*Asks:* 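Questions regarding the structure given below will be posed in turn.
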Number of protein chains: 2
Amino acid sequence: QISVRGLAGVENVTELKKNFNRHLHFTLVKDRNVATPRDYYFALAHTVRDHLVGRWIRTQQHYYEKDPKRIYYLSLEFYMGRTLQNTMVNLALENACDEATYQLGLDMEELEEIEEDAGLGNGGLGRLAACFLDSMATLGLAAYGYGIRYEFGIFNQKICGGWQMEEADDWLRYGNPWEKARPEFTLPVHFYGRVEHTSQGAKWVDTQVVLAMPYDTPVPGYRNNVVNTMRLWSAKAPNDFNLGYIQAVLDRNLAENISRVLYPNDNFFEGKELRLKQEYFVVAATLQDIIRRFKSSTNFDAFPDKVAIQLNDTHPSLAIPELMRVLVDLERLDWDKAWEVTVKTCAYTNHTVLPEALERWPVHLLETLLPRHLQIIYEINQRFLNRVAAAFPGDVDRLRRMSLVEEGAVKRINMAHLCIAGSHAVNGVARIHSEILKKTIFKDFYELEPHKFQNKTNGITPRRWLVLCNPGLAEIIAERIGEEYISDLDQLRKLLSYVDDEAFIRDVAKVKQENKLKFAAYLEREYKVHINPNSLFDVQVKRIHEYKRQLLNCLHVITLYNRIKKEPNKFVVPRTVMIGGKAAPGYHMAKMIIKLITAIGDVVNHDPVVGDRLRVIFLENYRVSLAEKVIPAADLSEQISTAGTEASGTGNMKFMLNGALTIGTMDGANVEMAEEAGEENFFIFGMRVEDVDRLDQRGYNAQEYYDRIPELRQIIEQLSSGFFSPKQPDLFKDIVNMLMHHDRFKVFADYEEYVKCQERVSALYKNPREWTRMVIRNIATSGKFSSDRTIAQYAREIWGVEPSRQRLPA
Amino acid sequence: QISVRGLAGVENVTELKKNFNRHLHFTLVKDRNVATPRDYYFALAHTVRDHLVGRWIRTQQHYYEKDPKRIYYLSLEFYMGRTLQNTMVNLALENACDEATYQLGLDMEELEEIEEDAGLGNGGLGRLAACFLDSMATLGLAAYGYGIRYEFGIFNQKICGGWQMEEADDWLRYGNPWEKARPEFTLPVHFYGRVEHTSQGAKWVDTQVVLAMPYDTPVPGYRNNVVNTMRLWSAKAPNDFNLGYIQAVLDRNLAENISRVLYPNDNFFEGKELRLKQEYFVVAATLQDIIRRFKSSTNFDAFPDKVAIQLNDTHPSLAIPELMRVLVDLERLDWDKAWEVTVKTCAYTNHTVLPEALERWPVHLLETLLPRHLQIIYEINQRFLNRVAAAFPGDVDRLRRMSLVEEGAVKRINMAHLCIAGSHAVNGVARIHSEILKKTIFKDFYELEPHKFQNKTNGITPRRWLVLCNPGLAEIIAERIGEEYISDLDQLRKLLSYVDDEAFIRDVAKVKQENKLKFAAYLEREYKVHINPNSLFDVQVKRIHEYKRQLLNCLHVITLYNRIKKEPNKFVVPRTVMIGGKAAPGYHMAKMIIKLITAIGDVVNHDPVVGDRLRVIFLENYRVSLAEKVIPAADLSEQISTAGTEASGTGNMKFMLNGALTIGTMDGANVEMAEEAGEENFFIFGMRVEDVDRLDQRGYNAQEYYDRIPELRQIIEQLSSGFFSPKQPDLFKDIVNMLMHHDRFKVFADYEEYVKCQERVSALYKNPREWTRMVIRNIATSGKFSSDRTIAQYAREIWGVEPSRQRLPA
Ligand SMILES: O=C(NC(=O)c1ccc2ccccc2c1)N[C@@H]1O[C@H](CO)[C@@H](O)[C@H](O)[C@H]1O
Ligand SMILES: O=C(NC(=O)c1ccc2ccccc2c1)N[C@@H]1O[C@H](CO)[C@@H](O)[C@H](O)[C@H]1O
Ligand SMILES: O=C(NC(=O)c1ccc2ccccc2c1)N[C@@H]1O[C@H](CO)[C@@H](O)[C@H](O)[C@H]1O
Ligand SMILES: O=C(NC(=O)c1ccc2ccccc2c1)N[C@@H]1O[C@H](CO)[C@@H](O)[C@H](O)[C@H]1O
Ligand SMILES: O=c1[nH]cnc2c1ncn2[C@@H]1O[C@H](COP(=O)(O)O)[C@@H](O)[C@H]1O
Ligand SMILES: O=c1[nH]cnc2c1ncn2[C@@H]1O[C@H](COP(=O)(O)O)[C@@H](O)[C@H]1O
Ligand SMILES: *Cc1c(COP(=O)(O)O)cnc(C)c1O
Ligand SMILES: *Cc1c(COP(=O)(O)O)cnc(C)c1O
């Protein structure tokens, strides 16, 4: 049908059809007469999966032969989404499979909807790991993703009476065709025990053993025949575990609980023992694999030349003392040499400056669970603080500020300080964020070792986030500039010469309209809600956090409603305001915000005077597969975090690539986005970081804004009096109290500028031609935000390896 | 190589080789360079598995079209063993696969040793279900086996310091290629709750729900292209289960524990709640399947014409009140009509007369877990006792004896009485056992309803228990009488005309010698123990129970040892005495017996004066795959239970088919075996049932035997004084105390006759020609003990269906 989806040759189509029928019969044990749509999905999945095998075996044997430097990306989260369409895209099989299934009397898009998301992450950090794997494979790097195979990923969100309910994400129920179990490569992981000091150094003894069983998932590069591996560990009890009899067998669950469920708290660090076990589990098993592979090529001098370990946040920070443990205790290397190797091997990426999110493990937990690692941490700390004292003699306060050990009621280990000490590179994820790191929370470390600190601005893969989710846009772009931009997104700059092209303007606007029509139909079919497809699609999708300020969006929505009620017969640009995202289960305020959004919707959507001029919809169960649907349909992207709080954002980039304009603060990657597109092509508002700082020094008084802005006062009165909850008039008292007395994120301070900026958005939307021209200027300058660019910078500036777009033989 | 293993045609061999290579590549994702023997096993397994698919689909669709009466065999145990060789045998693929693998440079027998046993049973009852499935498929019956997919089967037995240790049987660790998960056919099972009485009858409400997910395993008939299904249920938590958040997800384990582990207690009934849950779980899920299939053909009059349910012991006895529940509560049938349907549908098989093994569930457990079923049981009981009162007016003691409710400190439900009341047929498993049922424990029920009581003497499948495990014997038999005996074992009678045939005598003896050589080599390679292959292989393998009297065997062994020590320079027939079997983990005496056997071995095997004239070996981890090795190697089969205690035995039949002579009491199927072969061709000794009865009336005094038999006294003195345990002289005091003061099984009473009979065995073994001639007379008359005969009797006399050896189209 469309060019970017590849060739549908007679020979390929015939072959796909017969392999489909073979799998239906031999693999699924069904015949056409009782087969369901799910059976058909699995037959297709197995058929496409077959095409990965040869490339996967030969990629991995190629690495064994050529022995390049290996990149190990350690993460507790890999937010992969669906795999079927992505595999077809990267293998150039999409049109062929579409034709093959059409000829068998099936709709491939319907079959694609059956696949469960691999929801093994919370949001941005987990999705970044997924985009990175795609880019590393596309750039021909010998890269491995290592994590945990959670039996249950991020919870499915149900909305009941306006409240979030959580249910288990049983994503493995029907099986996972994309994983290959490797029980033969099972490895032991140790917990508890005690440290014994012999003549020949320390020994960790009397441990409890949990087995780590790997499951391998292929990661195909874009049309380069490279297939890398994501290896995820599953927890298994040893066979003599607890070995009255029946209870001992049932107690195996205790060991296997390690890989049972993803922790869904993305707001606040909680020192839970099970989480600590997960963190060590992934680290201990992974490092054995790394070392095995390094030995199968005595001398650890060459270790950093052959191995890079990237830590996705501090979550796998135990890699640093674990590497030291193995090198010192098992390999008998001297401390200083082991430390040199460790530092040159490890690099650390930070994802937030919010103090409550930083990992600070109680010493008493580490003492019980990992006694040897605590000893090693103490020794790392002593040697590090000796270096600080020599560099800054007499600066006693610096010593306590930089210590890996935090003093207080409970002693804690600062995992971020551990990561900086033990890594040769530390990076933030957007230019402003990396600057904030050097000026604020890690200032002392930057002064000691300035060379360690880098920036690596985030990116997204243009495969999933353009070609897969928005084929209509990919095609109209390809018609003008060819197909090379898919693996070289900078080429989108060529589209600037089409900003005055009448055909292209019309095509861009047509693709958006079709996407909006498709999404409007999806909302009725799956959720029974009606929307006007001619309205401006105003979208804020991301996890629910106070710093992300969904509340500020709520205030604007109520303002528009109140303005309509005040002057009903005046014209306003119709809007469909869509807010979606999950709240961490223990985050009370976030759960209240969800309830507020639905409550606003209940009043607004049923007011006859409003009509179809304003609609407020909460998008339930926001996840990767839903993002692929809503983002192509969006007109306006809400990126409205308080300046200095959102480290980067990546959703922002997805919307820019897909033809939405952005209303945003100068925060995270928004700054660089506006810089690329031009500030005149961006809807920028609000305090800058400097203005926030000035307000903090003076003290933030919300009452001032309430007193001086009548429209804001009205909203607060409505909230307080029970206008949005007639049967429970005090329902939103917590929200009001927070806004008035303890708002860390200064919602009121940005309100006026936000409302004014929103008026400028509505004004431009009235001029479809000028709206679309500005859209073209955004799409054309989105190239920097490809994760291919990001990964190439990691490769060259941190890992010390060269990327290549060169094909492996098919 | 050998004829009975089928053809190895050029076309088949070429096809098997390429499909093997395809699976290695596409299914296992390996290449020849890093593939291990386990990978090669799985490639072969998948290759053979492919050949089952077409036949499986067409057998099941054939049943849907022809709508025959369906047989449902309900069991908590299916002791299947390995599947690969059995599948090859039944499909006539063995020689072809042997050649195919040979040409790829592999040894198929080595690959076969990699497969784990499916150890989903304890012993005879579980293995009977497995033999029955094979025979039902071979006789073309529309039969389904329904049970539980235990994650852990019967424990692996390790011997440490002479003691049994149990470890988890993690049989699913590497995957199971023989099962097909059917998550789409998941069904709900209800527990707890309460009973509500409305105008429209009773309702069971406020229940907890556990999901039952089926896994299907193919059961191929012998070369008839029939492939039946064994459906095993796995427990799954519903997605809103317990739905702080983390704990709720981890608590899903509580629901899923239902199918976690097989209960290994085969001696003593224990009223454990988890076991009750298992029993209802299998029954509730199975009955929904039965009813669904019956409806997919309103009128339940025809239900018994289309459905037979066979209860393997009382373990699935809840089927009776569950069927009543569904018919009365859900389908709205009147009680009397539902009861008529239930009785005509169900039949019950008893496997023991020992009172401690009978299921007697505390009322308080049923009240909490299954409140509606308890109400139904009470109602069944009232109506049943009304019938008894009308038949035997004024007989008040009969009423309390026959009641399903047992009075006492704790009220209990007698599940056996429930089964008799609710079944149209009740059978024992050997003629003497069925007679004992009618004369003793079920006498009252027999007097009320004599027509219900039947005999169905047990059998074993000649596929697994001759062709598979003893191909050498199968071949020499086939050379003389052809191949038809494999599915018509009565044809073995033709071998009587070869009893004086010199060539055949030599061939029978040669096959035995080769089997003994092969097993002697196995013992050295896998267990590092040396044996004389020229000695008489004296074998007792079965679960360790007091009634089975492994202790009597022990007494004989010590007698031979003491006789040798008394007259060292006298000639005795050399013996290798092999005892093997698992003890239930909580059965203290059985664990002591194992320790005694190893302790005897420790003294006997290291006495220089003994030499290689006597060896005592405990066969560790006795299971189906080990039985297939040891049984073909045996010369003497020990079947020495106290008369009236072993309901049938089936091991006895396996040994008879494989060319061993039997030393046994007139117990269980031994009686019929001796009747078939002729008493002159059997080594019969000891008390008959009548003699045991006479001894009980008088009172059994063990002291009498101790006082009057000097050789017995010596052994007891040796045991008491610490001759077999020098460092713990009182180790065996429990054994001695039991033998002297509370032996339910009269070990001393059979001692003299047993020892004398053993002398007659040794005498015959000195004459190899006459030994072998008697062996031929045994093999020739073993035909009755085919499970094909057993199943044909069930079919005709209980289920009301005709068997057929007719092929389905390939
Ligand atoms: O589709 C599957 N088919 C079988 O296991 C299968 C196929 C044919 C069979 C023929 C005879 C007997 C068993 C069979 C099982 N298995 C599924 O494979 C998935 C992807 O590898 C895996 O995730 C599932 O756990 C498994 O059920
Ligand atoms: O998603 C993020 N964090 C999490 O999901 C997360 C996960 C586990 C946590 C555990 C304890 C405390 C905070 C946690 C946050 N961070 C986001 O990372 C993106 C990728 O760099 C970035 O664009 C966002 O600005 C950042 O908030
Ligand atoms: O052998 C298996 N292979 C795969 O799952 C497989 C094969 C090829 C693949 C290619 C690319 C990505 C994943 C793949 C998985 N799976 C096993 O199938 C068994 C039998 O059906 C089942 O019991 C095991 O659970 C499963 O690991
Ligand atoms: O194996 C048997 N029983 C068990 O394994 C078993 C299983 C679970 C139990 C639970 C509670 C009490 C006893 C149990 C026995 N019985 C044997 O059945 C054979 C087949 O009919 C028969 O040949 C044997 O004589 C009988 O002991
Ligand atoms: O010992 C070896 N001999 C030959 N090939 C090997 C060996 N070790 C690893 N390989 C190849 O490297 C691939 C990946 O190995 P892994 O990354 O260590 O798991 C395998 O699939 C093999 O093709
Ligand atoms: O609804 C039906 N239409 C056609 N075939 C069916 C239908 N129901 C069952 N079958 C056939 O019967 C087989 C076994 O079904 P089951 O025993 O009910 O699980 C299936 O594999 C089908 O081939
Ligand atoms: C991209 C993405 C995110 C990250 O969005 P931000 O707006 O950067 O927080 C979160 N969830 C999903 C499902 C995503 O795809
Ligand atoms: C046949 C068999 C049994 C039954 O043996 P009996 O001697 O009849 O108790 C027990 N276990 C296994 C593994 C068997 O094969």
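Reckoned from all heavy atoms, side chains included, excluding hydrogens, waters and symmetry mates. To find a chain, count down the sequence lines: A is the first, B the second, and so on, and within it residues start at 1.
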*Asks:* Can we say B:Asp507 and B:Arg480 salt-bridge, meaning some charged N sits less than 4.0 Å from an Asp/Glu carboxylate O?
*Replies:* yes

*Asks:* If you count every heavy atom of other residues, nucleotides or ligands that lies below 6.0 Å from B:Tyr522 atom OH, does the total exceed 12?
*Replies:* yes

*Asks:* Main chain of B:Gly644, side chain of B:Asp667: is a donor-acceptor contact present, judged purely on distance under 3.5 Å?
*Replies:* yes

*Asks:* Rounded to the nearest 0.5 Å, how far apart are CG of B:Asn778 and CG of B:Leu495?
*Replies:* 12.0 Å

*Asks:* Start with the C-alpha gap between B:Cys469 and B:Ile631, add the side-chain angles, then the distance that decides, and say whether side chain to side chain contact (heavy atoms under 4.5 Å, CB included) holds.
*Replies:* CA-CA 8 Å; B:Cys469 70; B:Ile631 295 170; over 6 Å; no

*Asks:* Using modelled atom types only, decide if a donor and an acceptor are shared between the side chain of B:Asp501 and the backbone of B:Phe504 within a distance under 3.5 Å.
*Replies:* yes

*Asks:* Would a distance-only check, ignoring hydrogens and angles, find a side-chain to backbone donor-acceptor pair under 3.5 Å from A:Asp240 to A:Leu243?
*Replies:* no

*Asks:* Give a yes/no verdict on a cation-pi contact between B:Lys629 and B:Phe519, requiring under 6.0 Å between NZ or CZ and the six-membered ring centre and an angle within 45° of the axis.
*Replies:* no

*Asks:* Roughly how far apart are B:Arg623 CZ and B:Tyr79 OH, rounded to 0.5 Å?
*Replies:* 8.0 Å

*Asks:* Closer than 3.5 angstrom, by distance alone: can the side chain of B:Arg713 be matched with the main-chain N or O of B:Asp707 as a donor-acceptor pair?
*Replies:* yes

*Asks:* Working to the nearest 0.5 Å, report the span between CZ of B:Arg549 and CD of B:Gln540.
*Replies:* 10.0 Å

*Asks:* Roughly how far, to the nearest 0.5 Å, is the SG atom of B:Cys131 from the NZ atom of B:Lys654?
*Replies:* 6.5 Å

*Asks:* Indicate every side-chain donor-acceptor pair of residues 575-590 of chain B with a distance under 3.5 Å to a residue at least two apart or in another chain.
*Replies:*
unit_1   : atom_1 : unit_2   : atom_2 : d
B:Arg575 : NH1    : B:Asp538 : OD2    : 2.8
B:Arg575 : NH1    : B:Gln758 : OE1    : 2.7
B:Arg575 : NH2    : B:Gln758 : O      : 3.0
B:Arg575 : NH2    : B:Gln758 : OE1    : 3.0
B:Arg575 : NH2    : B:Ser762 : OG     : 2.9
B:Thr576 : OG1    : B:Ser535 : OG     : 2.6
B:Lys582 : NZ     : B:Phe155 : O      : 2.5
B:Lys582 : NZ     : B:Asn621 : OD1    : 3.0
B:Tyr587 : OH     : B:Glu546 : N      : 3.1
B:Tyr587 : OH     : B:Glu546 : OE1    : 2.7

*Asks:* Within the 3.5 Å criterion, strictly below it, is a donor on B:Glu672 or B:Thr457 matched to an acceptor on the partner's side chain?
*Replies:* yes

*Asks:* Among side-chain atoms of B:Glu620 and B:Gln157, is any donor-acceptor pair under 3.5 angstrom?
*Replies:* no

*Asks:* Between B:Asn122 and B:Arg543, does any side-chain donor sit less than 3.5 Å from a side-chain acceptor?
*Replies:* yes

*Asks:* Can a salt bridge be assigned to the pair B:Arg777 and B:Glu680 using a cut-off of 4.0 Å between side-chain N and carboxylate O?
*Replies:* no

*Asks:* Among residues two or more places apart or on two chains, list those pairs meeting ring-ring contact (aromatic ring centres under 6.0 Å, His included) that have a residue in residues 659-697 of chain B.
*Replies:* B:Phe685-B:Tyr754

*Asks:* For the side chain of B:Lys512 and the backbone of B:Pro632, is there at least one donor-acceptor N/O pair under 3.5 Å apart?
*Replies:* yes

*Asks:* Please determine if B:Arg694 and B:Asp691 form a salt bridge, counting it only when a charged side-chain N lies under 4.0 Å from a carboxylate O.
*Replies:* yes

*Asks:* Sub-3.5 Å donor-acceptor pair from the side chain of B:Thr642 to the main-chain atoms of B:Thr645, do we have one?
*Replies:* no

*Asks:* If you round to the nearest 0.5 Å, how far is CG of B:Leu596 from CG of B:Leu719?
*Replies:* 6.0 Å

*Asks:* Is a donor on one side and an acceptor on the other found under 3.5 Å between the side chain of B:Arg688 and the backbone of B:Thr665?
*Replies:* no

*Asks:* Does the side chain of B:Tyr547 pick up a donor-acceptor pair with the side chain of B:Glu646 at under 3.5 Å?
*Replies:* yes

*Asks:* So do B:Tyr765 and B:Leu636 actually touch side chain to side chain, heavy atoms under 4.5 Å?
*Replies:* no

*Asks:* Is there a donor-acceptor contact under 3.5 Å from the side chain of B:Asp117 to the main chain of B:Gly119?
*Replies:* no

*Asks:* To the nearest 0.5 Å, what is the distance between CZ (B:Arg493) and CD1 (B:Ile779)?
*Replies:* 14.0 Å

*Asks:* Just by distance, do the side chain of B:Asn658 and the backbone of B:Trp465 share a donor-acceptor pair under 3.5 Å?
*Replies:* yes

*Asks:* Please tell me whether B:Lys542 and B:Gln639 have a donor and an acceptor in their side chains that are separated by less than 3.5 angstrom.
*Replies:* yes

*Asks:* The test is side chain to side chain contact (heavy atoms under 4.5 Å, CB included); show your working for B:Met666 and B:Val689 and say whether it passes.
*Replies:* CA-CA 8 Å; B:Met666 287 296 211; B:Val689 169; over 6 Å; no

*Asks:* Distance only, no hydrogens: is a donor on one side chain within 3.5 Å (strictly under) of an acceptor on the other, for B:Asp266 and B:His545?
*Replies:* yes

*Asks:* Okay, side chain of B:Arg464, backbone of B:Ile460: is any donor-acceptor separation there less than 3.5 Å?
*Replies:* no

*Asks:* Please evaluate residues B:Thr781 and B:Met656 with respect to the criterion side chain to side chain contact (heavy atoms under 4.5 Å, CB included), reporting the C-alpha separation (whole Å), side-chain torsions for both, the decisive distance (0.1 Å), and the verdict.
*Replies:* CA-CA 9 Å; B:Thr781 55; B:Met656 188 190 191; 3.7 Å; yes

*Asks:* Decide if atom CD of B:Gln1 counts as having more than 12 heavy atoms of other residues, nucleotides or ligands within a radius under 6.0 Å.
*Replies:* no

